[PDB]
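Next comes coords15.cif, a file with mmCIF, C-alpha atoms.
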```cif
data_data
loop_
_atom_site.group_PDB
_atom_site.id
_atom_site.type_symbol
_atom_site.label_atom_id
_atom_site.label_comp_id
_atom_site.auth_asym_id
_atom_site.auth_seq_id
_atom_site.Cartn_x
_atom_site.Cartn_y
_atom_site.Cartn_z
ATOM 1 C CA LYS D 1 0.000 0.000 0.000
ATOM 2 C CA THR D 2 0.788 3.726 -0.429
ATOM 3 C CA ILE D 3 1.084 5.596 2.877
ATOM 4 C CA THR D 4 1.356 9.369 3.504
ATOM 5 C CA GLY D 5 2.641 11.629 6.245
ATOM 6 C CA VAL D 6 6.010 9.900 6.667
ATOM 7 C CA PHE D 7 7.969 13.136 6.183
ATOM 8 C CA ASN D 8 6.758 15.392 9.004
ATOM 9 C CA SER D 9 9.077 18.416 9.275
ATOM 10 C CA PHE D 10 11.253 20.700 7.273
ATOM 11 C CA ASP D 11 14.213 21.238 9.596
ATOM 12 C CA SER D 12 16.570 23.466 7.628
ATOM 13 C CA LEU D 13 17.397 24.724 4.150
ATOM 14 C CA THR D 14 20.877 26.124 3.748
ATOM 15 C CA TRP D 15 23.117 26.977 0.812
ATOM 16 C CA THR D 16 26.726 25.737 0.612
ATOM 17 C CA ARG D 17 29.107 28.439 -0.683
ATOM 18 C CA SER D 18 31.769 26.814 -2.917
ATOM 19 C CA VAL D 19 34.708 28.175 -5.118
ATOM 20 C CA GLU D 20 32.726 27.695 -8.400
ATOM 21 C CA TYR D 21 29.595 29.302 -6.986
ATOM 22 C CA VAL D 22 29.413 32.872 -5.669
ATOM 23 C CA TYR D 23 25.942 33.896 -4.442
ATOM 24 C CA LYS D 24 22.989 32.155 -2.867
ATOM 25 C CA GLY D 25 20.675 32.098 -5.970
ATOM 26 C CA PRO D 26 17.875 29.511 -5.982
ATOM 27 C CA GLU D 27 19.326 27.744 -9.013
ATOM 28 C CA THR D 28 22.893 27.860 -7.719
ATOM 29 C CA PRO D 29 24.329 24.523 -6.468
ATOM 30 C CA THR D 30 24.037 23.503 -3.731
ATOM 31 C CA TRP D 31 21.023 23.795 -1.464
ATOM 32 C CA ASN D 32 20.616 21.206 1.253
ATOM 33 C CA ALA D 33 17.171 20.466 2.645
ATOM 34 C CA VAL D 34 17.089 18.549 5.973
ATOM 35 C CA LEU D 35 13.791 16.836 6.399
ATOM 36 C CA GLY D 36 12.321 14.975 9.336
ATOM 37 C CA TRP D 37 10.541 11.675 8.878
ATOM 38 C CA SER D 38 8.901 9.147 11.195
ATOM 39 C CA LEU D 39 7.648 5.577 10.589
ATOM 40 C CA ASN D 40 5.215 3.575 12.702
ATOM 41 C CA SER D 41 5.354 -0.223 12.254
ATOM 42 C CA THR D 42 1.641 -0.525 13.039
ATOM 43 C CA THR D 43 0.747 1.601 9.947
ATOM 44 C CA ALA D 44 3.750 0.935 7.689
ATOM 45 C CA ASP D 45 5.063 -2.450 6.477
ATOM 46 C CA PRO D 46 8.186 -3.340 4.483
ATOM 47 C CA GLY D 47 7.433 -2.721 0.749
ATOM 48 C CA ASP D 48 4.849 0.008 1.369
ATOM 49 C CA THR D 49 5.488 3.176 -0.611
ATOM 50 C CA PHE D 50 5.292 6.919 0.016
ATOM 51 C CA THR D 51 6.486 9.967 -1.833
ATOM 52 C CA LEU D 52 7.854 13.380 -0.962
ATOM 53 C CA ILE D 53 6.838 16.293 -3.178
ATOM 54 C CA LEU D 54 9.360 19.112 -3.856
ATOM 55 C CA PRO D 55 7.532 22.056 -5.550
ATOM 56 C CA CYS D 56 9.775 24.415 -7.495
ATOM 57 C CA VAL D 57 12.850 22.036 -7.390
ATOM 58 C CA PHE D 58 14.566 21.411 -10.707
ATOM 59 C CA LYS D 59 16.934 18.537 -9.812
ATOM 60 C CA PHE D 60 19.020 16.817 -7.204
ATOM 61 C CA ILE D 61 22.742 17.619 -7.135
ATOM 62 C CA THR D 62 24.036 14.078 -6.692
ATOM 63 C CA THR D 63 25.447 11.154 -8.645
ATOM 64 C CA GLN D 64 23.339 8.662 -6.577
ATOM 65 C CA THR D 65 19.970 7.335 -7.824
ATOM 66 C CA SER D 66 18.579 7.029 -4.273
ATOM 67 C CA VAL D 67 18.976 8.207 -0.664
ATOM 68 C CA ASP D 68 18.070 6.173 2.392
ATOM 69 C CA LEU D 69 16.164 7.265 5.513
ATOM 70 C CA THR D 70 18.589 6.006 8.156
ATOM 71 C CA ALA D 71 19.058 6.304 11.888
ATOM 72 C CA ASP D 72 21.860 4.918 14.083
ATOM 73 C CA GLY D 73 23.134 2.709 11.229
ATOM 74 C CA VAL D 74 19.799 1.213 10.221
ATOM 75 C CA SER D 75 18.176 1.873 6.787
ATOM 76 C CA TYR D 76 14.438 2.299 7.395
ATOM 77 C CA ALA D 77 13.512 3.259 3.802
ATOM 78 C CA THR D 78 14.979 3.842 0.324
ATOM 79 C CA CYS D 79 13.858 6.928 -1.679
ATOM 80 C CA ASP D 80 14.566 7.144 -5.399
ATOM 81 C CA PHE D 81 15.287 10.628 -6.823
ATOM 82 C CA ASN D 82 12.843 11.884 -9.478
ATOM 83 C CA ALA D 83 14.028 15.333 -10.674
ATOM 84 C CA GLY D 84 11.371 17.634 -12.242
ATOM 85 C CA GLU D 85 13.820 19.107 -14.850
ATOM 86 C CA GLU D 86 11.875 20.252 -17.885
ATOM 87 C CA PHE D 87 9.120 17.558 -17.383
ATOM 88 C CA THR D 88 7.373 18.751 -14.263
ATOM 89 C CA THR D 89 7.597 21.958 -12.152
ATOM 90 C CA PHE D 90 8.359 19.851 -9.077
ATOM 91 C CA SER D 91 10.772 17.039 -8.223
ATOM 92 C CA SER D 92 9.958 14.096 -5.943
ATOM 93 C CA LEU D 93 11.186 11.154 -3.956
ATOM 94 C CA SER D 94 9.537 7.796 -4.513
ATOM 95 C CA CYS D 95 10.256 5.813 -1.364
ATOM 96 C CA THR D 96 9.868 2.249 -0.132
ATOM 97 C CA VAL D 97 9.748 1.136 3.482
ATOM 98 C CA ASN D 98 12.660 -1.301 4.095
ATOM 99 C CA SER D 99 12.685 -4.498 6.149
ATOM 100 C CA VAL D 100 14.957 -4.064 9.176
ATOM 101 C CA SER D 101 16.749 -6.424 11.631
ATOM 102 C CA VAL D 102 15.509 -4.422 14.677
ATOM 103 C CA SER D 103 11.838 -4.369 15.522
ATOM 104 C CA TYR D 104 10.476 -0.896 16.233
ATOM 105 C CA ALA D 105 7.093 0.487 17.161
ATOM 106 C CA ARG D 106 7.968 4.038 16.058
ATOM 107 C CA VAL D 107 11.208 5.377 14.721
ATOM 108 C CA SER D 108 12.229 8.955 13.587
ATOM 109 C CA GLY D 109 15.205 10.549 11.888
ATOM 110 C CA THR D 110 16.283 13.044 9.277
ATOM 111 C CA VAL D 111 17.508 12.991 5.712
ATOM 112 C CA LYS D 112 19.657 15.530 3.833
ATOM 113 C CA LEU D 113 18.640 16.367 0.202
ATOM 114 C CA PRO D 114 20.994 18.215 -2.190
ATOM 115 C CA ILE D 115 18.882 20.283 -4.609
ATOM 116 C CA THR D 116 18.631 23.349 -6.780
ATOM 117 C CA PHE D 117 15.372 25.218 -7.214
ATOM 118 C CA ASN D 118 13.713 26.127 -10.522
ATOM 119 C CA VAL D 119 13.007 29.915 -10.944
ATOM 120 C CA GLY D 120 13.102 29.972 -14.772
ATOM 121 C CA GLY D 121 15.524 29.302 -17.639
ATOM 122 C CA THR D 122 13.584 28.775 -20.920
ATOM 123 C CA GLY D 123 10.256 29.601 -22.539
ATOM 124 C CA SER D 124 8.978 26.087 -21.658
ATOM 125 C CA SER D 125 5.645 25.609 -19.808
ATOM 126 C CA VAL D 126 7.603 24.223 -16.880
ATOM 127 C CA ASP D 127 10.100 27.080 -16.535
ATOM 128 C CA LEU D 128 7.533 29.811 -17.062
ATOM 129 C CA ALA D 129 5.377 28.379 -14.275
ATOM 130 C CA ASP D 130 8.372 28.067 -11.928
ATOM 131 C CA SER D 131 9.529 31.571 -12.798
ATOM 132 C CA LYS D 132 6.748 32.728 -10.408
ATOM 133 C CA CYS D 133 7.853 30.289 -7.608
ATOM 134 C CA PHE D 134 9.846 32.711 -5.456
ATOM 135 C CA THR D 135 10.719 36.426 -5.143
ATOM 136 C CA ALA D 136 13.838 38.069 -3.888
ATOM 137 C CA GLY D 137 14.477 37.970 -0.117
ATOM 138 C CA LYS D 138 12.549 35.910 2.405
ATOM 139 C CA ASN D 139 10.449 32.977 1.102
ATOM 140 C CA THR D 140 8.597 30.001 2.529
ATOM 141 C CA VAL D 141 9.603 26.692 0.896
ATOM 142 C CA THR D 142 6.960 24.008 1.274
ATOM 143 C CA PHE D 143 7.269 20.362 0.526
ATOM 144 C CA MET D 144 4.406 17.823 0.757
ATOM 145 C CA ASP D 145 3.875 14.180 1.675
ATOM 146 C CA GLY D 146 0.302 13.434 0.693
ATOM 147 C CA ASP D 147 -1.780 16.044 2.497
ATOM 148 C CA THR D 148 1.007 16.907 4.936
ATOM 149 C CA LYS D 149 2.721 20.280 4.178
ATOM 150 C CA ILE D 150 6.136 20.796 5.694
ATOM 151 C CA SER D 151 7.823 24.160 5.422
ATOM 152 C CA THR D 152 10.700 26.413 6.354
ATOM 153 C CA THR D 153 11.918 29.910 5.638
ATOM 154 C CA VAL D 154 14.866 30.861 3.450
ATOM 155 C CA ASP D 155 16.389 33.976 2.020
ATOM 156 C CA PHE D 156 17.191 33.954 -1.766
ATOM 157 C CA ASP D 157 19.497 36.653 -3.211
ATOM 158 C CA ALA D 158 18.367 38.338 -6.408
ATOM 159 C CA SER D 159 20.730 38.048 -9.371
ATOM 160 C CA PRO D 160 23.716 40.491 -9.261
ATOM 161 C CA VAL D 161 23.410 40.818 -13.049
ATOM 162 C CA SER D 162 21.462 43.872 -14.233
ATOM 163 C CA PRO D 163 18.250 43.024 -16.167
ATOM 164 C CA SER D 164 18.727 46.011 -18.575
ATOM 165 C CA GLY D 165 21.595 44.349 -20.501
ATOM 166 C CA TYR D 166 21.580 41.044 -22.409
ATOM 167 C CA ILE D 167 20.955 37.967 -20.223
ATOM 168 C CA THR D 168 22.523 34.550 -20.724
ATOM 169 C CA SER D 169 22.100 31.419 -18.628
ATOM 170 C CA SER D 170 22.744 27.684 -19.126
ATOM 171 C CA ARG D 171 21.615 24.756 -17.052
ATOM 172 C CA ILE D 172 22.442 21.056 -17.158
ATOM 173 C CA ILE D 173 19.433 18.643 -17.595
ATOM 174 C CA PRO D 174 21.011 15.514 -16.051
ATOM 175 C CA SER D 175 18.582 12.881 -17.298
ATOM 176 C CA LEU D 176 19.058 14.012 -20.906
ATOM 177 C CA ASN D 177 22.742 14.746 -20.749
ATOM 178 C CA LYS D 178 21.922 18.113 -22.391
ATOM 179 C CA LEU D 179 21.901 21.723 -21.271
ATOM 180 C CA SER D 180 19.438 24.460 -21.922
ATOM 181 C CA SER D 181 20.912 27.819 -22.883
ATOM 182 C CA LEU D 182 19.105 31.131 -22.930
ATOM 183 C CA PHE D 183 19.653 34.582 -24.442
ATOM 184 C CA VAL D 184 17.425 37.611 -23.633
ATOM 185 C CA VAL D 185 17.847 40.710 -25.860
ATOM 186 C CA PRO D 186 19.004 43.852 -24.027
ATOM 187 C CA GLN D 187 16.129 46.069 -22.947
ATOM 188 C CA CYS D 188 14.556 48.697 -25.209
ATOM 189 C CA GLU D 189 12.404 51.223 -23.252
ATOM 190 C CA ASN D 190 10.159 51.857 -26.242
ATOM 191 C CA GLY D 191 9.942 48.438 -27.928
ATOM 192 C CA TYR D 192 12.069 47.269 -30.773
ATOM 193 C CA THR D 193 11.986 48.081 -34.441
ATOM 194 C CA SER D 194 14.012 44.980 -35.248
ATOM 195 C CA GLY D 195 16.707 42.593 -33.925
ATOM 196 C CA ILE D 196 18.747 39.447 -34.408
ATOM 197 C CA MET D 197 19.156 37.190 -31.381
ATOM 198 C CA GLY D 198 20.658 33.728 -31.058
ATOM 199 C CA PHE D 199 23.927 31.905 -30.778
ATOM 200 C CA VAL D 200 26.434 29.810 -32.688
ATOM 201 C CA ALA D 201 27.888 26.792 -30.928
ATOM 202 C CA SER D 202 31.494 25.619 -31.003
ATOM 203 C CA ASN D 203 33.993 23.477 -29.085
ATOM 204 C CA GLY D 204 31.998 20.303 -29.548
ATOM 205 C CA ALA D 205 28.535 21.645 -28.787
ATOM 206 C CA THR D 206 25.665 21.447 -31.225
ATOM 207 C CA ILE D 207 22.199 22.919 -31.031
ATOM 208 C CA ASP D 208 19.182 20.729 -30.608
ATOM 209 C CA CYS D 209 16.578 22.314 -32.864
ATOM 210 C CA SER D 210 13.790 19.995 -31.669
ATOM 211 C CA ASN D 211 13.808 21.715 -28.305
ATOM 212 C CA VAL D 212 13.825 25.517 -28.756
ATOM 213 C CA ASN D 213 11.680 28.368 -27.430
ATOM 214 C CA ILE D 214 11.227 31.862 -29.019
ATOM 215 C CA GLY D 215 8.954 34.270 -27.215
ATOM 216 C CA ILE D 216 8.449 37.735 -25.830
ATOM 217 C CA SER D 217 8.121 37.957 -22.055
ATOM 218 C CA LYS D 218 6.497 40.802 -20.115
ATOM 219 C CA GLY D 219 9.608 41.639 -18.148
ATOM 220 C CA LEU D 220 11.936 39.250 -16.247
ATOM 221 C CA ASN D 221 11.888 37.837 -12.643
ATOM 222 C CA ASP D 222 14.349 38.551 -9.850
ATOM 223 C CA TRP D 223 16.796 36.168 -11.514
ATOM 224 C CA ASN D 224 16.470 37.645 -15.064
ATOM 225 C CA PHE D 225 14.329 34.829 -16.417
ATOM 226 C CA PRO D 226 11.270 35.042 -18.739
ATOM 227 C CA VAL D 227 7.950 35.017 -16.850
ATOM 228 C CA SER D 228 5.682 34.781 -19.880
ATOM 229 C CA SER D 229 5.992 33.920 -23.538
ATOM 230 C CA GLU D 230 3.830 35.145 -26.340
ATOM 231 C CA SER D 231 4.240 34.791 -30.079
ATOM 232 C CA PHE D 232 5.286 37.875 -32.122
ATOM 233 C CA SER D 233 6.726 38.810 -35.565
ATOM 234 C CA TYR D 234 9.957 36.894 -36.232
ATOM 235 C CA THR D 235 11.593 34.431 -38.632
ATOM 236 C CA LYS D 236 14.121 31.852 -37.341
ATOM 237 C CA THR D 237 16.699 29.445 -38.720
ATOM 238 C CA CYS D 238 17.982 26.514 -36.728
ATOM 239 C CA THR D 239 20.927 24.307 -37.801
ATOM 240 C CA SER D 240 23.267 21.953 -35.935
ATOM 241 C CA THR D 241 25.579 24.930 -35.139
ATOM 242 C CA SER D 242 23.382 28.038 -34.941
ATOM 243 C CA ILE D 243 20.009 29.316 -33.943
ATOM 244 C CA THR D 244 19.182 32.713 -35.330
ATOM 245 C CA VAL D 245 15.951 34.628 -34.807
ATOM 246 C CA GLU D 246 15.269 37.912 -36.650
ATOM 247 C CA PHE D 247 12.350 39.810 -35.104
ATOM 248 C CA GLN D 248 10.300 42.895 -35.931
ATOM 249 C CA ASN D 249 8.003 45.437 -34.162
ATOM 250 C CA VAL D 250 8.011 44.186 -30.538
ATOM 251 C CA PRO D 251 6.030 46.417 -28.168
ATOM 252 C CA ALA D 252 7.256 48.321 -25.153
ATOM 253 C CA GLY D 253 7.256 46.383 -21.862
ATOM 254 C CA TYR D 254 8.471 43.190 -23.633
ATOM 255 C CA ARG D 255 11.712 41.244 -23.909
ATOM 256 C CA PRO D 256 12.443 38.909 -26.804
ATOM 257 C CA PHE D 257 14.343 35.782 -25.927
ATOM 258 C CA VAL D 258 15.532 32.578 -27.459
ATOM 259 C CA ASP D 259 16.601 29.316 -25.828
ATOM 260 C CA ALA D 260 17.655 25.854 -27.055
ATOM 261 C CA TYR D 261 18.866 22.550 -25.815
ATOM 262 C CA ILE D 262 22.572 21.960 -26.361
ATOM 263 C CA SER D 263 24.321 18.622 -26.868
ATOM 264 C CA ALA D 264 27.936 19.007 -25.832
ATOM 265 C CA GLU D 265 30.746 16.454 -26.395
ATOM 266 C CA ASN D 266 31.919 17.767 -23.047
ATOM 267 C CA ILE D 267 28.877 18.882 -20.956
ATOM 268 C CA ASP D 268 31.384 20.727 -18.705
ATOM 269 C CA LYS D 269 33.025 22.856 -21.517
ATOM 270 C CA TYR D 270 31.507 24.593 -24.584
ATOM 271 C CA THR D 271 31.459 27.984 -26.307
ATOM 272 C CA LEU D 272 28.636 30.144 -27.706
ATOM 273 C CA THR D 273 28.972 33.181 -29.985
ATOM 274 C CA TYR D 274 25.980 35.515 -29.760
ATOM 275 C CA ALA D 275 24.869 37.742 -32.627
ATOM 276 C CA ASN D 276 23.202 40.343 -30.371
ATOM 277 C CA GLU D 277 21.808 42.955 -32.745
ATOM 278 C CA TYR D 278 18.845 45.112 -31.903
ATOM 279 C CA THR D 279 17.344 48.465 -32.896
ATOM 280 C CA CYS D 280 15.175 50.021 -30.218
ATOM 281 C CA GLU D 281 12.139 51.800 -31.646
ATOM 282 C CA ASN D 282 12.892 55.468 -32.598
ATOM 283 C CA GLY D 283 16.579 54.505 -32.398
ATOM 284 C CA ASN D 284 19.596 53.212 -34.294
ATOM 285 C CA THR D 285 20.756 49.592 -34.760
ATOM 286 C CA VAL D 286 23.137 48.233 -32.129
ATOM 287 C CA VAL D 287 25.474 45.402 -33.219
ATOM 288 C CA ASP D 288 27.271 44.025 -30.172
ATOM 289 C CA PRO D 289 28.294 40.338 -30.732
ATOM 290 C CA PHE D 290 30.163 38.537 -27.948
ATOM 291 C CA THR D 291 31.460 35.113 -27.031
ATOM 292 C CA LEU D 292 31.080 33.129 -23.828
ATOM 293 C CA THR D 293 32.735 29.900 -22.736
ATOM 294 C CA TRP D 294 30.493 27.981 -20.420
ATOM 295 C CA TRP D 295 32.136 25.900 -17.651
ATOM 296 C CA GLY D 296 30.306 23.056 -15.815
ATOM 297 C CA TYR D 297 31.121 21.022 -12.616
ATOM 298 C CA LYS D 298 28.809 18.020 -13.121
ATOM 299 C CA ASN D 299 30.236 14.620 -11.993
ATOM 300 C CA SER D 300 29.599 11.309 -13.816
ATOM 301 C CA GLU D 301 28.189 8.556 -11.661
ATOM 302 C CA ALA D 302 30.861 9.207 -9.044
ATOM 303 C CA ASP D 303 29.638 7.334 -6.009
ATOM 304 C CA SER D 304 31.266 7.356 -3.594
ATOM 305 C CA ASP D 305 31.956 3.993 -2.120
ATOM 306 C CA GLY D 306 33.316 1.227 -4.379
ATOM 307 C CA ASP D 307 33.395 2.649 -7.947
ATOM 308 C CA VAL D 308 36.695 4.157 -9.049
ATOM 309 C CA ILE D 309 38.038 5.466 -12.324
ATOM 310 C CA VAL D 310 41.204 4.188 -14.165
ATOM 311 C CA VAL D 311 43.610 6.722 -15.654
#
```
Before we go any further, please render this structure as C-alpha cells.
Amino acid sequence: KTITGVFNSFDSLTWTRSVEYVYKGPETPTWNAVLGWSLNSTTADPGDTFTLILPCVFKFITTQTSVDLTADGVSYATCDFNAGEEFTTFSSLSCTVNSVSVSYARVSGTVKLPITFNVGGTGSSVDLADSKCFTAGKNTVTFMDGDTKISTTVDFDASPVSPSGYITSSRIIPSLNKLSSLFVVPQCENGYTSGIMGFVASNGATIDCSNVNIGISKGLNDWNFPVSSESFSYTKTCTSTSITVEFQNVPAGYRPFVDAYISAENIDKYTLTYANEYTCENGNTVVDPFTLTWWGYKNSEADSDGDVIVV
C-alpha cells in the first residue's frame, strides 16, 4: 500500500558556498534540505510506498539514484530521486519502506537532500510556471507528503546581473545529458523596431533544434528569467551549429528571448557566440556580438563507495 505523512518536518534549508559558486541564488548549487521523517510499524510495512513532493525544485545535485532514511546505522527506507527538470515543475522522492533487523514500534530521523530550485531558464511551460515560484528575499519553501505540508523559511538573493543588458544562462538537464541555454535581448524602453538574437555553438557543442523556445516575455523575474511567452513577428533558422531569430516590431514592456537545448561532447566545456543585434524603436541599430565559454562542474556517476576510475 501507499502511505502518507512519513515526512513530518522541514528542519533546515541552507546553501553551501563553494569556489565555483558565488551567491545564494535559488538555481545555484548547492542547497541542502534537511527533512524529518517518522515511521510507525503498526501503519507501515516493508514494501509500502510513500512519496515526498518538492515544488519548485529542478533537480538533485548528486550522482546517486537514491537516498536512504537512516538512523543509528539502520536503513528504514529507500527513496529514489525523481528530478522535475523540464518535465514537471516539481521534483519528488519515490520511497519504499525497508525491512529491518531491529523491531520498532515508532522510529524517527532526518535525511539531507541536495537540490537546486527552478526559478526559470527557458520559454517552456515548466520554466515559465516556476519563474513565479519565489521572489527576492525571504520565502517560505513548502514540501508535501500526501496532504502533509512541511515548510521552512529561506532567504534567496536576487541576481547580481542587471536586467537592462543582455541575459545569458545555461543549465544542465542531467537525465538528458543536455543543457538548456538562454539569451534575452538587451532592454529597449520603447519596444524594438528589429533585432537578431541567437547563438552559434562551437567546441563540440551542437544545437538541438527539436527543443527551442522563441517568445516575448512581459519583463523578467528577480533572476532575469522570462515570466511569460507570447508569439510575435519573427523568422528563425535553426541548424546543428546556430540558432538565429530575426524579429520585428516588438512592443514596449516586452523582452524577446531565445533558448535551445545543447548537446555538448563535453557537458562541462563549450562555447557560444551571440549575434546580439537590436534596434530600439525610434533609435539606431546596435550590433554588439560577444562570445562566452560555459564551464560546468557536473560529476559522472561518481559514487562514492566502491566505484573508481582508471587513468
- Message: Running the PyMOL selection byres ((chain D and resi 66) around 7) on this model by hand, what would come out? Give it as JSON, numbers by chain.
- Response: {"D": [64, 65, 67, 68, 78, 79, 80, 81]}
- Query: Which of these, D:83, D:258, D:200, D:243, has the shortest distance to residue D:272 once you count all atoms listed in the file?
  - Reply: D:200
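Of the residues listed (D:186, D:36, D:25, D:253), D:186 shows the shortest atom-to-atom separation from residue D:166; distances use only C-alpha atoms.
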- Query: Got a sec to resolve the PyMOL selection byres ((chain D and resi 104-111) around 6) on this structure and send the residues as a PyMOL selection string?
  - Reply: chain D and resi 34-41+69+71+103+112
- For the point (21.4, 14.0, -14.2) in file coordinates, what residues are within 8 Å, counting only C-alpha atoms? Give the answer as a VMD selection string? chain D and resid 59 to 60 62 to 63 172 to 177
- Polymer residues at most 8 Å from residue D:185, all atoms listed in the file, same-chain spacing of 5 or more positions, as number ranges by chain: D: 165-167, 197, 255-257, 276, 278
Mind dumping the selected residues with C-alpha atoms as a short mmCIF file (atom, residue, chain, number, x, y, z; two decimals), in the frame of the given file?
```
data_model
loop_
_atom_site.label_atom_id
_atom_site.label_comp_id
_atom_site.auth_asym_id
_atom_site.auth_seq_id
_atom_site.Cartn_x
_atom_site.Cartn_y
_atom_site.Cartn_z
CA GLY D 165 21.60 44.35 -20.50
CA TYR D 166 21.58 41.04 -22.41
CA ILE D 167 20.96 37.97 -20.22
CA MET D 197 19.16 37.19 -31.38
CA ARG D 255 11.71 41.24 -23.91
CA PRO D 256 12.44 38.91 -26.80
CA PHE D 257 14.34 35.78 -25.93
CA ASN D 276 23.20 40.34 -30.37
CA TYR D 278 18.84 45.11 -31.90
#
```
- Message: For the provided coordinates, the residues matched by the PyMOL selection byres ((chain D and resi 213) around 6) should be stated as an MDAnalysis selection string.
- Response: chainID D and resid 123 212 214 258:259
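Rounded to one decimal, atom CA of residue D:130 and atom CA of residue D:224 lie 12.9 Å from each other.
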At a cut-off of 12 Å from (13.7, 58.9, -29.9) in the coordinates of the file, what residues are picked up using only C-alpha atoms, written as a PDB file with C-alpha atoms, keeping the file's coordinate frame?
```pdb
ATOM      1  CA  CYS D 188      14.556  48.697 -25.209  1.00  0.00           C
ATOM      2  CA  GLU D 189      12.404  51.223 -23.252  1.00  0.00           C
ATOM      3  CA  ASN D 190      10.159  51.857 -26.242  1.00  0.00           C
ATOM      4  CA  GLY D 191       9.942  48.438 -27.928  1.00  0.00           C
ATOM      5  CA  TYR D 192      12.069  47.269 -30.773  1.00  0.00           C
ATOM      6  CA  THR D 193      11.986  48.081 -34.441  1.00  0.00           C
ATOM      7  CA  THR D 279      17.344  48.465 -32.896  1.00  0.00           C
ATOM      8  CA  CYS D 280      15.175  50.021 -30.218  1.00  0.00           C
ATOM      9  CA  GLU D 281      12.139  51.800 -31.646  1.00  0.00           C
ATOM     10  CA  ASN D 282      12.892  55.468 -32.598  1.00  0.00           C
ATOM     11  CA  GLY D 283      16.579  54.505 -32.398  1.00  0.00           C
ATOM     12  CA  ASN D 284      19.596  53.212 -34.294  1.00  0.00           C
TER      13      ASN D 284
END
```
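Among the candidates D:95, D:6, D:136, D:141, the one nearest to residue D:158 when counting all atoms listed in the file is D:136.
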- Item | Selected residue, from D:297, D:21, D:223, D:76, that lies nearest to residue D:162 when counting all atoms listed in the file | D:223
- Given the choices D:4, D:98, D:235, D:88, which gets closest to residue D:46 if the distance is worked out from all atoms listed in the file?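 For residue D:46, the nearest of the candidates is D:98.
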- Item | Distance of atom CA of residue D:122 from atom CA of residue D:143, expressed in Å to one decimal place |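 A separation of 23.9 Å between them.
Taking atom CA of residue D:226 and atom CA of residue D:53 as endpoints, the distance between them is 24.8 Å.
Minimum atom-to-atom distances from D:96, D:27, D:13, D:240 to residue D:48 were compared using all atoms listed in the file, and the lowest value belongs to D:96.
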- Would you mind listing what lies within 9 Å of residue D:156 as a PyMOL selection string, with all atoms listed in the file counted and same-chain residues fewer than 3 positions away left out? chain D and resi 24-26+134-139
